[PDB]
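To find a chain, count down the sequence lines: A is the first, B the second, and so on, and within it residues start at 1. Every number for a ligand or one of its atoms is a count from 1 in the order of the listing.
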Number of protein chains: 4
Amino acid sequence: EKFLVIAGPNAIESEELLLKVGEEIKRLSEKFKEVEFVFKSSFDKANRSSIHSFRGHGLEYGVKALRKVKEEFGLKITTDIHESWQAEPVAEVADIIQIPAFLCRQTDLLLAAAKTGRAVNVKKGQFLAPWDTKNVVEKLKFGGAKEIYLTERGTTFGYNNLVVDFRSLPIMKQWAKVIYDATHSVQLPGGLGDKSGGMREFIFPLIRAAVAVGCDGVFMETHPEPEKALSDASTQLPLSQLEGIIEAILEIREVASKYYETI
Amino acid sequence: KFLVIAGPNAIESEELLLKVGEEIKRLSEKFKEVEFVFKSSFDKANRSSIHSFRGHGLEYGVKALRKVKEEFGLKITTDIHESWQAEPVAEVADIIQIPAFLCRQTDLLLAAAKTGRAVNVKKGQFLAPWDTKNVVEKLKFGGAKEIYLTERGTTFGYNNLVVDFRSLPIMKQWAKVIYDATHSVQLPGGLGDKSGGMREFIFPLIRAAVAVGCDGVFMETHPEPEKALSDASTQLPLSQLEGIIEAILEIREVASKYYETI
Amino acid sequence: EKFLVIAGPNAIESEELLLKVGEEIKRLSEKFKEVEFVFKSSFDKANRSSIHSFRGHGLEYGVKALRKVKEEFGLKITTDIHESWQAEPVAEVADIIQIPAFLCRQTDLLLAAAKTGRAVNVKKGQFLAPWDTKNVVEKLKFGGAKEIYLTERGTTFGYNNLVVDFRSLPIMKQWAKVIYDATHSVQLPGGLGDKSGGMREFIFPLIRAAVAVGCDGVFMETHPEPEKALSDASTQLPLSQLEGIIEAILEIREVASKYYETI
Amino acid sequence: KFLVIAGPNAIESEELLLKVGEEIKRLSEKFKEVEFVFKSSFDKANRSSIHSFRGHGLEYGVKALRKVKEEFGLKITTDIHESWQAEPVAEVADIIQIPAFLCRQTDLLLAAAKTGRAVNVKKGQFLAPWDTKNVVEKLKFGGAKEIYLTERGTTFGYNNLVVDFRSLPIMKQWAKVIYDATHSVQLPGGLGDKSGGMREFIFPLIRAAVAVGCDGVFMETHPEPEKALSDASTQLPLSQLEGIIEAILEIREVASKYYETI
Ligand SMILES: O=P(O)(O)OC[C@H]1O[C@@H](O)[C@H](O)[C@@H]1O
Ligand SMILES: O=P(O)(O)OC[C@H]1O[C@@H](O)[C@H](O)[C@@H]1O
Ligand SMILES: O=P(O)(O)OC[C@H]1O[C@@H](O)[C@H](O)[C@@H]1O
Ligand SMILES: O=P(O)(O)OC[C@H]1O[C@@H](O)[C@H](O)[C@@H]1O
């Protein structure tokens, strides 16, 4: 099957940032024809730790910027919703509606996404056990979703730390396509006090682990200059490294694929 | 004075709310040293299963809660799940409750603060005690003046929660602290299509809460927990409420002498 | 029943330190007649994180120093063993043989303590679940132990941190007398890099929690000047505070006792 | 070259050791790119139950292991539990293994280092990856020159272990790293009087280990795990060993190009 790579800047800092990142993703989609690229970026960070952190420029602006990426680069789009009413308008541009980790249990939000007809990707809550996502998929199917994804993004391990239990990949694959979020999996929630931290040095090794185990795609946030990102600056991958990382996971996936267990 | 938040988990009917409210009123008259606040959710917006009980709607819920406040003269508290619900709920709710999974949703917090009502935030199972400082800050920015933080357990491996009592003194640095004696013993998704829990530990842990030191306790109670349409594994039998309250007042009286300052 | 208080300096830094601490414990045992005091101190710290940390002055010296405390103050004694052969000689002075947390599963060590005829107190491993201690008691009974204690000293919670799940008290009470270790429960394993850290400000509050829940005794390490301790300096209680803490737990125990559930 | 530690968990009999040793020898001849080390414990000193299988003694165990080394010319590794066992075991063991629960016992570590043999320490379920720096230091102080650190899971709530693969690169800073594919999927005391485990995850996680990067893998194997007198829930069927090894060599070959330096 076609491997999915969801990538883009964490937040829509500006329409210009999106086009800059989108141009590279478009170039990569031309080379890596066996990959299905989906451009990602949030029109709003509705769950920042601090009231003083960057949130975004609103839904209207965000959708407009995302539509510009799809229009100019012919790229598929995905962004996350935070309250039920946002589903309808976001569905106008988003091919995949993303459900935030903390909100993976909010029935109304899941139902709102499901009835749009768009695909739905649920970030697995840090409080959820792999087998607890079965009910998440059931809600979505009940709501009309035909294309469902579950994203592994780490589990609460003590305070301000997350661990990735790779056993979750084959488990969640029993009821949905599985995506591995390579950048949030290394973040240290609230690690910096007023903001979450992260350990970039582990992004690549853990992504190699994910593809060796077997998943249906990877989620990677990238920015031209991570250090200047208005959000998740500790975990966003330098745009220049995207190509190399993608080539690596395709190679590892190929050599490992024959050993992937049938679920 | 000591705060005691109690009532049925979900508003299964205003009939249920009146029966429980009646007992809470009787206790209210018996323990003048305590401030009772009646709690009940008009909607369970985070059930594990799509087929589980959610409720009868915000309008039915607000009406029933209003009945309780008018008939028993009890303060009210219920939780909201989306920003637009803050305003209508503020009509009856003396304290607006913010769900644990939603403790980081800025718009929900601000919406609650805007109503001018008191705000009680359930500490997320994914949050560290010190991470709540930022939660309180958002609320103050939103104009909230009476803010509470509720301990309800922390993710400990899969389908299990642990109560780190160090959180009580830590959170006390920036807000009034409440101990949720009901959900702290629940086992998330432990029953497959529902969450479980161990009632035998409710009392022991609540005794620990007052020995450590907290500004109040949160306890869900139902006449027949077994028949509850929600959180049946953790809800306390209405008949046992009085005994537990008297017990925590006694322990608090003696232990309060040692509560550390600030 | 008579409440047990196990206290003393973490390690036998010198015979003089033991006598100094012992004099205070003797004085307290005279006032708190309803309490059964047991003097504790390790003749060896066999599990320090660093090879450069203080271990002790040997078994022979340690036993001699402990015997001096029992002889001079008529106090009961308890110390921990690390290998099977130490049981016999330690049993000569120790009324209660303590089994280290990391060693709570070493069958031979448990058996060695059990056959001495002395009481045995097992520190619950940081890797053990409350219900896993049942088999620990079974081994001891099999080995001849008639007086068994299980000590709560925290559970691994993420890295370099421990949490106390007070549900363990009523659970372990099903098969043994339960002791709460008020000082190790607040330590941060390896928190200081080459040594473990600790948070003293939580010692008293958590001990209040333990007695409110209900236990058969408390374990508290104390030192005249914690800051100068050659081990566990972050968690040892100033000797001057011992009396106050003891009085407090007796008061809380009394008021709470009528509510203690029958196991 | 890549290290592969394999063999039956416990020395149930030298007969069992010879049968398994025979297959490991055959693989040894088939994969010259790999260095095989035969493993088997002469004693299970940490069983949950007093009634469970422990072994036939150090003398019987050392003799059987010596048979394996002499008949198949395979290096040997077995674990010790008390300081005095280091010396006699060093007679046959090329690598002395230190049990996870005992990774902080200074005298055990020093005793192992003194023999001059290689030392492989199972990382305690209570240890953080960075805490192992001190473990290696003790061994160097004791005179050890060939030191390994083995990842075998970390305590994650009750009766469960999680593998934090970030530990591989972190521990690589001070020792050669081995991934225990067998015990990493075990569920401590999960079966009441014994530990459980989920075999279905052994292979997937071992693939992750080589993709991340490690100096070797540790896998316990038994002709009929079902009949094993120990760790029956995690031991790998002898027939499946070849396939898994070929698979990890292939993955390692491709992924090794990306192993980060230092
Ligand atoms: O405000 P902090 O704690 O940095 O992090 C919240 C972030 O974590 C993720 O949910 C989002 O990317 C959001 O920006
Ligand atoms: O998993 P289930 O039992 O469906 O729901 C979890 C419960 O935990 C709390 O958030 C609510 O009271 C809710 O009903
Ligand atoms: O060397 P560190 O890490 O400080 O701590 C080991 C200590 O933790 C407890 O088992 C003992 O009291 C021992 O001294
Ligand atoms: O709980 P049980 O199955 O008795 O023993 C735990 C096992 O885990 C490992 O230390 C040993 O291989 C031992 O046999």
ask   = Is there a donor-acceptor contact under 3.5 Å linking the side chains of A:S49 and B:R104?
value =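 Their side chains do contain a donor-acceptor pair, which is all the 3.5 Å distance test asks for.
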Present, as a list of atom pairs with distances to 0.1 Å, all nitrogen or oxygen contacts under 3.5 Å between ligand 4 and the protein.
unit_1, atom_1, unit_2, atom_2, d
ligand 4, 1 (O), C:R105, NH1, 3.4
ligand 4, 1 (O), D:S48, OG, 2.6
ligand 4, 1 (O), D:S195, N, 3.2
ligand 4, 1 (O), D:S195, OG, 2.7
ligand 4, 3 (O), D:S195, N, 2.9
ligand 4, 4 (O), D:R47, NE, 2.8
ligand 4, 4 (O), D:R47, NH2, 3.4
ligand 4, 4 (O), D:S48, N, 2.9
ligand 4, 8 (O), D:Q186, NE2, 3.4
ligand 4, 10 (O), D:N46, OD1, 2.8
ligand 4, 12 (O), D:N9, OD1, 3.0
ligand 4, 12 (O), D:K44, NZ, 3.2
ligand 4, 12 (O), D:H183, NE2, 3.3
ligand 4, 12 (O), D:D231, OD1, 2.9
ligand 4, 12 (O), D:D231, OD2, 3.1
ligand 4, 14 (O), D:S230, OG, 3.2
ligand 4, 14 (O), D:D231, OD1, 2.8

Let me check something: any side-chain donor-acceptor pairs from residues 183-191 of chain A under 3.5 Å, sequence neighbours excluded? List them with distances.
unit_1, atom_1, unit_2, atom_2, d
A:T183, OG1, A:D181, OD1, 3.4
A:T183, OG1, A:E221, N, 3.4
A:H184, ND1, A:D181, OD1, 3.3
A:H184, ND1, A:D181, OD2, 2.7
A:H184, NE2, A:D232, OD2, 3.2
A:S185, OG, A:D181, O, 2.8

query = Side chain of A:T222, backbone of A:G8: donor and acceptor closer than 3.5 Å?
reply =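 Checked: no pair found.
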D:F38: partners by ring-ring contact (aromatic ring centres under 6.0 Å, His included), with sequence neighbours left out =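 Partners of D:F38 by the ring-ring contact (aromatic ring centres under 6.0 Å, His included) criterion come out as none, since no residue qualifies.
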query = Can you name the ring-ring contact (aromatic ring centres under 6.0 Å, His included) partners of C:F102, sequence neighbours left out?
reply =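 D:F126.
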ask   = More than 12 foreign heavy atoms under 6.0 Å from CZ of C:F142: is that the case here?
value =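 Open: at most 12 neighbouring heavy atoms sit under 6.0 Å from CZ of C:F142.
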